[PDB]
Novice: 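First, the structure itself, so that you have it in front of you.
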Amino acid sequence: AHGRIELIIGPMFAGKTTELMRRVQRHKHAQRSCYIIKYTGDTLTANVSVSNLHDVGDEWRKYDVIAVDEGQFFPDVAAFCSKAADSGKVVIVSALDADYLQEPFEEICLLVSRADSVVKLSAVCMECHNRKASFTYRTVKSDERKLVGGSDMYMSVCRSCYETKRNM
Amino acid sequence: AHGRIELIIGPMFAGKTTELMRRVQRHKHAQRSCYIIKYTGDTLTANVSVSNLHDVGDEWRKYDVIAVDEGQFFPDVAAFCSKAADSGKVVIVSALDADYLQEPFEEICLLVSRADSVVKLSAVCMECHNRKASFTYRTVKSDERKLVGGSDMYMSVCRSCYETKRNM
Amino acid sequence: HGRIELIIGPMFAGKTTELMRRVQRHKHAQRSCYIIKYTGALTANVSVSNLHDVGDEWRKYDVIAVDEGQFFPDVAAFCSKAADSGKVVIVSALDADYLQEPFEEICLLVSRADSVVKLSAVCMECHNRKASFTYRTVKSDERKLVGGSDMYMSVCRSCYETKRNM
Amino acid sequence: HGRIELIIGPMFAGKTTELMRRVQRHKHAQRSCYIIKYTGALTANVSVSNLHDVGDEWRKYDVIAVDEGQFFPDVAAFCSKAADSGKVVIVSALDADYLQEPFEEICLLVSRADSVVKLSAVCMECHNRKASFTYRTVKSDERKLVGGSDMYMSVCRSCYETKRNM
Ligand SMILES: C[C@@H]1CN([C@H]2C[C@H](O)[C@@H](COP(=O)(O)O)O2)C(=O)NC1=O
Ligand SMILES: C[C@@H]1CN([C@H]2C[C@H](O)[C@@H](COP(=O)(O)O)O2)C(=O)NC1=O
Ligand SMILES: Cc1cn([C@H]2C[C@H](O)[C@@H](CO)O2)c(=O)[nH]c1=O
Ligand SMILES: Cc1cn([C@H]2C[C@H](O)[C@@H](CO)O2)c(=O)[nH]c1=O
Ligand SMILES: [Zn+2]
Ligand SMILES: [Zn+2]
Ligand SMILES: [Zn+2]
Ligand SMILES: [Zn+2]
C-alpha cells in the first residue's frame, strides 16, 4: 500500500493525543482498521499497552492504521514506525519532542527525518496565561528524565516564562 | 482584551468538534473560563443548548473563550461572533462550510471574512476509502436543507465519488 | 484526479508568493503549469479580465493557477470545470473586501475547495499583532479600487476598529 | 518577545521561498530583517560559513532569517541566543540528509522552536505523490555535497525504496 509516518509533537497540554485520536476516528469512518498502542507505565478501538514495541509482536500487521501514543517512552520507536510504514501502514505517532530541560528525545528526532508529516502543536502558557507555550516545565524536584505524571508535576510555558521560572 | 474569531470548517466526519474541544481544553489548562454553546435540536465545562444565539443573553460576557459548535444552524452567528470578539473574547466556531449540494452556508461565508484564522479539515472518503474527502453526501431522500443526523443519513466523500454517486 | 486549492487572507500576507511556491513544486516534477493573472518548456502565462477569455487553452496543462481571484466574476465555475477535468487548480484571492465583507465568488470556492489556507499579514498600524483584515486608507466607496500600500494597509482586528473611529 | 520558527522538509519543497515570504510580511510592518545565507532601508544580507562570523551585527535587527541551516554548525545556539534577546528568528533547513538521517543541530532546533512546519515537494520519480525525502542521484558518500537537480531529487517514500534497490 502507500505507507506513511505522521508525527505530532509539542509540549504537554497541547492536545497531542486528542489530535491523534481525531485522526484515528477519521480513518475509522472509512472502515479502516486501526490499532492503538499505548505505553504500559502510563496513567474504543483495538489496543494494547506495552513497554516496548517489540512486545506487540506481529499483531500490527492486521491493521491499516497504527497509532502510537507517548512515543518518547518507547526506545525502539523509529525502527518500528519505519518497518510498519514500509509494509504499507499509516503510522501516526504523538510524542514529546523535548524533555523538561528542552533537550530532544533522540528517537523522536529520528522520526522527524522519517516522517511524511510533522505538526508541532502548542499549548497556552500555564504561568502567564497570555502567550502560546512550546515548552514543558517540571514543577516537582526530580532529575529522573522519565517521570510519569500530569498537571500535578508539569506545566506548559512560553519561552520567557520558562526562563523566569528557571532563575527563581 | 485581544478578541478573535477562529473558524474550523470542513465536511462531516472530519472531526471539527473534536478540534474545537482540543482548543478549548488548551485554554482550560491556562485557567481561562470557557463557555460552550451547542445547538438545541442537535443529537465538562459551562454550556448551554440554544436554537439561536440571542437566547444566550449576556451570559457569554462571563467567559474568556466562547466555543460555538454546529455554527451553520444558528441564523445570527456572524453578528454574535463579531460582537463577542469586539468585547475581547476568543471565539471558536466549528461549522459546515457546505451543505449536501455543495452550496455554502452564507453565514459561515461571512465568518470566513471576519475570522483571524480559518482551517478546513478533511475527512476520509467513505465511498472509495482511498482519498481525502472534502464534501458531505446525503444518503437519504430528502430535500430539506436542514436535516439533523449522522452516518445513518450522510457520508463524506472525495470530489470524484461525489460525482459518481450523484449520477447513479 | 482534479482538485481545488484556495489561498486567502488579507493584502500583504503573501498569497501570490505562496501560490507560486506551489507552482514551482509542481514544475520540479515536470508538470505543466498555466498561470492566469488579472488585468483591466513547462510554464505558460496570461493576463485576462475574465476567465472566458482563456478559452480552452487551460486544457493543455496539468496545473492551473489563478491569481487575484476576487476580480474574476466567473472564477468558481471555472475552477470547478477545470478540477472536474482532472486539473490541479490553485487560486489566490482576497476573501474579504475593505469593509470585511465577503467576495461572494470566493465563498463558493471555499465550499468547493479541497484545501483552504488563510494567510495572515503583520499589522501595519501597530506593528505588534497578526493581521487578518485590509483597511483602505483613502476615501472612496468604490468596491474595486486597484492599488498598493498607498491606498491599503493590513491590520489586526483592534487596529481596524480604532482607525474606523478616527 | 523573541521566537524561533523552523521550516523543514526535503529539497525542492520551497523552504527558502517560504522563509522569504515571511520576511516580506515583517518588512511591510517596517521591521528590520537580517538575512544570513551560507557559503563555503529595512533589509540587510550576508553570506557566511558560520554564525560566529556574523559577530554582533544581528542585534541591530528585529527579524533574523537563516537559510540552509543544516550547513551551519552552531545554529541551534545562535538561534537561542537571538530569540532570548527578543529577535524573531526564522530558519530554513533540511531535517534529513540523503540517507534520511537527521541533522543533529536541526533536531535541537525542533525542540527549541515555537513553530515547526515541514514542507513537502512533489515526487520527481513517479510524479504522482507528495515527497518528503531527498534521494542523491550520484555515487558519493560525502555527507555534504552541494548541488541541484543533477545530483538530487525529492521522492515519496516508496520511490525512495525502489531506487535504493536498483
Ligand atoms: C516533559 C516530560 C514529560 N514526561 C512525562 C510526563 C507524562 O507522563 C508524559 C507526557 O505526557 P503527554 O502524553 O506528552 O501529554 O511524559 C517525562 O517523563 N519527562 C519529561 O521531561
Ligand atoms: C451536510 C449537511 C448536514 N446537516 C446536518 C447533519 C448534522 O446534524 C449536522 C452536521 O454535523 P457536524 O456537526 O458538522 O459533524 O448538520 C444538514 O442539516 N444539512 C446538510 O446539508
Ligand atoms: C481589500 C480590497 C483590495 N482591493 C485591491 C487592492 C489590490 O489592487 C488588490 C489586492 O491585491 O485588490 C480592492 O479592489 N478592493 C478591496 O476591497
Ligand atoms: C539531502 C542533502 C542535501 N545537500 C545539499 C544539496 C544542496 O546544496 C543543499 C540543499 O539546498 O544541501 C547535502 O549536502 N547533503 C545532503 O545529504
Ligand atoms: Zn508565559
Ligand atoms: Zn472517494
Ligand atoms: Zn494592530
Ligand atoms: Zn514517487
Side-chain angles (χ1 to χ4, degrees), chain A residues 1-7 61 64-66 78-93 110-118, chain B residues 128-132 158, chain C residues 2-3 5 21-33 41-42 62-63 86-88 114-115, chain D residues 7-15 17 70 93-103 106 117-129 131-138 140-143 145-165:
Chain A
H2 298 338
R4 68 178 192 262
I5 298 177
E6 311 179 351
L7 175 72
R61 304 179 183 274
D64 300 324
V65 177
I66 313 300
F80 177 86
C81 298
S82 292
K83 183 173 56 173
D86 295 339
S87 303
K89 311 323 187 169
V90 179
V91 184
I92 308 177
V93 183
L110 293 174
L111 275 171
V112 168
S113 289
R114 300 169 187 204
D116 305 75
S117 155
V118 174
Chain B
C128 65
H129 311 164
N130 300 145
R131 291 193 173 173
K132 283 192 166 62
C158 69
Chain C
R3 163 224 314 175
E5 313 177 353
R21 188 184 75 80
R22 295 183 193 184
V23 164
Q24 187 54 54
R25 289 165 56 254
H26 293 291
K27 277 209 291 276
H28 286 295
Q30 308 295 59
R31 293 174 171 174
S32 48
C33 298
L42 301 174
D62 305 321
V63 179
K87 310 325 187 168
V88 178
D114 304 79
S115 155
Chain D
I7 305 159
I8 50 167
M11 282 179 74
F12 314 107
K15 304 183 293 295
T17 299
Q70 75 288 347
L94 294 165
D95 48 308
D97 66 23
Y98 73 108
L99 294 167
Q100 305 186 2
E101 291 175 8
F103 292 101
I106 299 316
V117 177
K118 185 166 176 168
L119 303 180
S120 59
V122 182
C123 187
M124 289 166 62
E125 183 69 13
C126 67
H127 313 312
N128 296 325
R129 294 185 47 197
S132 289
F133 307 100
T134 308
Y135 194 89
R136 179 175 285 167
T137 53
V138 294
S140 163
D141 298 325
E142 296 293 84
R143 203 195 193 179
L145 174 70
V146 176
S149 40
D150 271 337
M151 286 138 75
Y152 298 96
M153 61 193 276
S154 54
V155 295
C156 70
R157 184 183 302 271
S158 52
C159 295
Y160 186 100
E161 284 310 311
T162 292
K163 292 170 107 283
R164 200 174 43 66
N165 298 357

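Within every chain, numbering begins at 1; the chains are lettered A, B, ... in the order of the sequence lines, protein sequences first and strands thereafter.
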Novice: Here's one to test your reading of the geometry: is the NZ or CZ of D:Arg143 within 45 degrees of the ring axis of D:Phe103 and under 6.0 Å from its centre?
Specialist: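 Yes.
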Novice: Here's a test for you: under side chain to side chain donor-acceptor pair (under 3.5 Å), which of C:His28, C:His26, C:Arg22, C:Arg21 qualifies with C:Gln24?
Specialist: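 Of C:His28, C:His26, C:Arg22, C:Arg21, side chain to side chain donor-acceptor pair (under 3.5 Å) with C:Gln24 is met by C:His28 alone.
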Novice: Less than 4.5 Å apart, any side-chain heavy atom of D:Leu145 and any of D:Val138?
Specialist: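 Yes; the side chains approach each other to less than 4.5 Å.
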Novice: On a heavy-atom basis, which atom in D:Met11 and which in D:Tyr152 lie closest, and how many Å separate them?
Specialist: SD-CG, 3.6 Å
Novice: Working to the nearest 0.5 Å, report the span between CD of D:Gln100 and OH of D:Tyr160.
Specialist: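 Those atoms lie 4.5 Å apart.
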Novice: Minimum heavy-atom separation for D:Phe133 to D:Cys156, with atom names?
Specialist: CD1-C, 4.1 Å
Novice: Of all the heavy-atom pairs spanning A:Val118 and A:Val112, show the shortest one and how long it is.
Specialist: CG2-O, 4.1 Å
Novice: Is the closest side-chain heavy-atom distance between A:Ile66 and A:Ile92 below 4.5 Å?
Specialist: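 No, every pair of side-chain atoms sits at 4.5 Å or beyond.
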Novice: Quick one: list whatever passes salt bridge (charged side-chain N to carboxylate O under 4.0 Å, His left out) with A:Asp64, sequence neighbours left out.
Specialist: none
Novice: What residue among D:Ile8, D:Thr134, D:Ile106 forms side-chain contact (heavy atoms from CB on, under 4.5 Å) with D:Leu94?
Specialist: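 Among the candidates, only D:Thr134 passes.
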Novice: Is the backbone of D:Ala131 close enough, under 3.5 Å, to the side chain of D:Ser120 for a donor and an acceptor to pair up by distance?
Specialist: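 It does not hold such a pair.
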Novice: Hey, does the side chain of D:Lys163 reach the backbone of D:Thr137 with a donor-acceptor pair shorter than 3.5 angstrom?
Specialist: no
Novice: Which heavy-atom pair separates A:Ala115 from D:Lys118 by the least distance, and what is that distance?
Specialist: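 Residues A:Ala115 and D:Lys118, closest heavy atoms: O-NZ, 2.9 Å.
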Novice: Under the rule for side-chain contact (heavy atoms from CB on, under 4.5 Å), what residues qualify as partners of A:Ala85, not counting sequence neighbours?
Specialist: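 side-chain contact (heavy atoms from CB on, under 4.5 Å) list for A:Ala85, sorted by chain: A:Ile5, A:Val91, D:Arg157.
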Novice: Between D:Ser154 and C:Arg25, does any side-chain donor sit less than 3.5 Å from a side-chain acceptor?
Specialist: no
Novice: Could you report the tightest heavy-atom contact between A:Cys81 and A:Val93, atom names first, then the distance?
Specialist: SG-CG2, 3.5 Å
Novice: Kindly say whether A:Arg61 contributes a backbone atom to a donor-acceptor pair with the side chain of A:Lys89 at under 3.5 angstrom?
Specialist: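 Present.
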Novice: Could you give the distance from CZ (A:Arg114) to OG (A:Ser82), rounded to the nearest 0.5 Å?
Specialist: 4.0 Å
Novice: Quick one: pull up SG in D:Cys159 and CZ in D:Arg129 and give me the separation to the nearest 0.5 Å.
Specialist: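 The SG atom of D:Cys159 sits 7.0 Å away from the CZ atom of D:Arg129.
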Novice: Can you name the nearest heavy-atom pair linking D:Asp141 to D:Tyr98, along with the distance?
Specialist: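 Heavy atoms only, the tightest pair is CA-OH, 3.6 Å.
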Novice: Check this for me, if you would: do A:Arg4 and A:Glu6 make a salt bridge, where the nitrogen-to-carboxylate-oxygen distance has to be below 4.0 angstrom?
Specialist: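 Looking at A:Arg4 and A:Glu6, the cut-off is met.
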Novice: Listed by chain and number, what are the side-chain contact (heavy atoms from CB on, under 4.5 Å) partners of B:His129, not counting sequence neighbours?
Specialist: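 Testing B:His129 for side-chain contact (heavy atoms from CB on, under 4.5 Å), a comparison that skips the adjacent residues, returns A:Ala30, A:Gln31.
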